[PDB]
Amino acid sequence: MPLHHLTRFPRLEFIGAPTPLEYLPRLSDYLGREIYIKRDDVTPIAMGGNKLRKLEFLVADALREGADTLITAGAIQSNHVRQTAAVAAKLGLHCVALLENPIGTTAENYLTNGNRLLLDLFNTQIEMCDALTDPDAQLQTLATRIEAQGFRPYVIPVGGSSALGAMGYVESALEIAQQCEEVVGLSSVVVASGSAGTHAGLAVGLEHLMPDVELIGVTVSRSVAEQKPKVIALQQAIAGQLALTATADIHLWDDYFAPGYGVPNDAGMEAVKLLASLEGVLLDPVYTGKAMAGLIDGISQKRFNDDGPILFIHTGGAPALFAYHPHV
Amino acid sequence: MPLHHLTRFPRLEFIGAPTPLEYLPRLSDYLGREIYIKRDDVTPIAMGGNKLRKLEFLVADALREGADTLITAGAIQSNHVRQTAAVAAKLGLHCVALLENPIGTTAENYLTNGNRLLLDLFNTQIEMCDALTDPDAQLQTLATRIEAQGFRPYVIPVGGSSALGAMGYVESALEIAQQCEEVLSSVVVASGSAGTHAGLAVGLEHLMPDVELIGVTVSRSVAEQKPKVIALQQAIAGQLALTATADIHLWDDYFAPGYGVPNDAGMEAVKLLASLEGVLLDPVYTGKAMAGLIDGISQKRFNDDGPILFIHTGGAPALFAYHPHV
Ligand SMILES: [Cl-]
């Protein structure tokens, strides 16, 4: 009932049915407590991911206003850009991608394999830049150039993280609540926290549907101090758009992303190897590997509010495995 | 139900809900033909694919025999080996893979990226062989060796293609029949180790007898492939207490110069589906099968001009192994 103003926003159907919520018996056995996983990595469009939930709302908005071109930005190995380009192809929309190399790698698989390979298959127009120092401004400059060609552009921010995009994860929280109902008494939820839309959406949804559940964001690019205001801003904007209040404190752990965004670390790699070998589940070196390392250490250090079941949100990212191999 | 004997087989749930069956409006508009797609590339385990449907029955059997190890075989970039290894990891079973390099490549991505990379993640024990000249025999030798080493192995044949494995594609046919009540003249599928083709053959005979099932070969001529598909067709039907009289249809014009080697038509089919529908095919299987489908249109090769259903059997992780070239 409380999230009913969600039905107001037009949305396209890219996912279909609720994604699986699975128990992880072998990981749970190893970690010494109940771990469940929300399989948002399993969606039907071009290798899946959390970004698709946001695109359901963003692209419906684009269509509503008569846009014929989607413009967005990210790393060369961005999952969002790949999912945006896939959706654009599907719908016969043009797509323009402003890409940066965030880690200064010259490794050929990072440069041309994985997500970047898929972009070419989707006929994405590629605009390279030195760095995304001011993505919102840089995207508008690009959109102006594109508009001059007679295209009707729709700008999608980095990671699809606007209040509207984040509605996708308010929706995901509904699924989670219904899937857990009479099945599992959840204590904590863990999600990677990057451009912040996923975290913020879940934060609003879970505050209203499962208020006693502790939502933990594991940062992938920023410290708590830098990240927290971004998550809060979105949380409040989302709540406002839904005619709701959001009084919950945002929780973030920033210990698991060093030496920085898009750079693999040992604990991340070990988390990837653990999920693959114990559960046959594929994580990624940029996002989910790092988020899972956070979950594991949180259990190790008793960081969670209590000992109860933890739900891991699998936000996707596996195609990056092929870009990061063998190194850099 | 005429297919009642299917529930008599022990099966693990690896997939759950039926996979999507989708209309492809943009491809359809471009080809001037109604095209639908069975999304068996969207299965929840380790980047998905058709092999998982087979493994539901094969691995259930493995556990019934009390096995602790799964042993199978394929190319370095085998989708089947990758899905078997993921399933073994999930269930806490050892996995031993007998791998060959079918194309003589030394390309790094073929040798170490894509499906092969995932094998390492799943802690697969890898055994390289010069050639899978007699896979069934070579797998048995390995199994006896492993059993002598103090394990309880279960052998899964190449591509998971046994009568039991092929039950997974009788199951897919039931989904197709259910989902097509809103729609069909033809079905197109890649025909390799033959379990998918044969399973669909038996299912579709009983569920949608007016539909023409076309197998596009990915490794063999019609002469070499037809007896393999018929034999499995007959074995499946026998075990389900059914008769299978339907002819097997095969097109072999679309796989040159051989298994696991991309060709231009195949890669162009990949580009077409990606750019028109946001759908990812693969260089080894689905790209070639789709190339066949498209040529079937332009050569008026189907029995009539009506809607076509393409079976997406998966394979997309191989894109990353075949890039930039082999
Ligand atoms: Cl332990």
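Residues numbered from 1 in each chain as written, not as in the entry; some residues may be left out. Chains lettered and ligands numbered in written order. Heavy atoms only, no water. Residues with missing side-chain atoms left out of burial classes, pairs and counts.

For this deposition, the record names X-ray crystallography as the technique by which the model was determined and cites 2.01 Å as its resolution.

Engineer: Which parts of the structure should I look at to understand the pattern of salt bridges?
Structural biologist: Two side chains bearing opposite charge may form a pair once their charged atoms approach each other closely. Residue and element names in this part refer to chain A. Overall, the coordinates contain 21 salt bridges over all chains when judged by the stated rule. Between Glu175 and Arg53 there is a salt bridge, with its nearest N and O atoms 2.9 Å apart. With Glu175 in helix α7 (residues 163-180) and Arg53 in helix α2 (residues 51-64), this residue pair connects regions lying 122 residues apart in the sequence. By the burial criterion, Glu175 is buried, and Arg53 matches it. One continuous salt-bridge network, built from bridges that share partners, spans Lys38, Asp40, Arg53 and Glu175. (Salt bridge = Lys/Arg side-chain N within 4 Å of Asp/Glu carboxyl O. Helix = DSSP H or I, 4+ residues; strand = E, 2+ residues; numbered from the N terminus. Buried < 20%, exposed > 50% of the residue type's maximum accessible area, 1.4 Å probe, protein only.)

Engineer: Is there a simple way to think about the interface of chain B and chain A in this case?
Structural biologist: Accessible area lost upon the coming together of the parts is a frequently used measure of interface size. Every contact between the two is made by 33 residues of chain B and, on the other side, 34 residues of chain A. Taking both sides of the interface into account, the surface hidden between chain B and chain A amounts to around 2900 Å²; carbon and sulfur atoms contribute 66%. Connecting chain B to chain A are zero salt bridges. Where chain B meets chain A, there are ten residue pairs in polar contact. Of all the secondary-structure elements, those providing two or more residues to the side of chain B that touches chain A are α3 (79-91), α4 (108-112), α5 (114-121), α10 (264-277) and α12 (319-322) of chain B. Per-class residue counts for the side of chain B that touches chain A are 19 nonpolar, nine polar and five charged. (Contact = heavy atoms within 4.5 Å. Buried area = accessible area lost by both parts, 1.4 Å probe. Polar contact = N/O pair within 3.5 Å; in protein donor to acceptor, adjacent residues only side chain to side chain. Nonpolar A, V, L, I, M, F, W, Y, C, P; charged D, E, K, R; others polar.)

Engineer: Explanation requested: the domain arrangement of chain B in the structure shown.
Structural biologist: Residue and element names in this part refer to chain B. By the assigned domains, chain B splits into domain 1 (1-49 + 160-326) and domain 2 (50-158). Its C-alpha centre places domain 1 at a distance of 23 Å from the equivalent point of domain 2. The interface is formed by 47 residues belonging to domain 1 together with 38 residues belonging to domain 2. Those elements that provide at least two residues to the side of domain 1 that touches domain 2 are α7 (167-179), α8 (195-207) and α12. Counting residues per element, the side of domain 1 that touches domain 2 draws most heavily on α7, at six residues. For the side of domain 1 that touches domain 2, the per-class residue count stands at 23 nonpolar, 18 polar and six charged. (Domains from an automatic or database assignment.)

Engineer: Sorry, what's going on with the sheet that holds strand β8 (residues 212-217) of chain B here?
Structural biologist: Backbone hydrogen bonds are what pair the strands of a sheet, in a parallel or an antiparallel way. All names here are of chain B. Spatially, six strands are ordered β1-β2-β10-β7-β8-β9 in an open sheet, and the strand pairing comes out mixed. The open sheet terminates on both sides in strands that have one partner only, identified here as β1 (21-23) and β9 (249-251). On average, each strand axis in the sheet is tilted by 30° relative to the strand beside it, whichever way the strands run. Contacting β2 (35-39), β7 (186-191), β8, β9 and β10 (308-312), helix α11 (residues 286-298) runs over the sheet at an angle of about 170° to β10. (Pairing = 2+ DSSP bridges. Axes fitted to C-alpha atoms, helices over the stretch in contact; angles between N-to-C directions.)

Engineer: Even after reading the chapter, I still don't get α11(B), so can you show me in this structure?
Structural biologist: Since the α-helix packs 3.6 residues into each turn, any two residues three or four apart lie on the same face. Residues and elements named next belong to chain B. With 13 residues, α11 extends 18 Å between its outermost C-alpha atoms, agreeing within 8% with the 18 Å of an ideal straight helix rising 1.5 Å per residue. Of all 13 residues that make up α11, ten are buried, and the element is covered over most of its length. Listed in full, the buried residues belonging to α11 are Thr286, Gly287, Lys288, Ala289, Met290, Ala291, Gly292, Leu293, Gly296 and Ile297. Immediately downstream of α11, the backbone of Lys300 shows phi near 50°, a positive value. (Expected span 1.5 Å × (residues − 1).)

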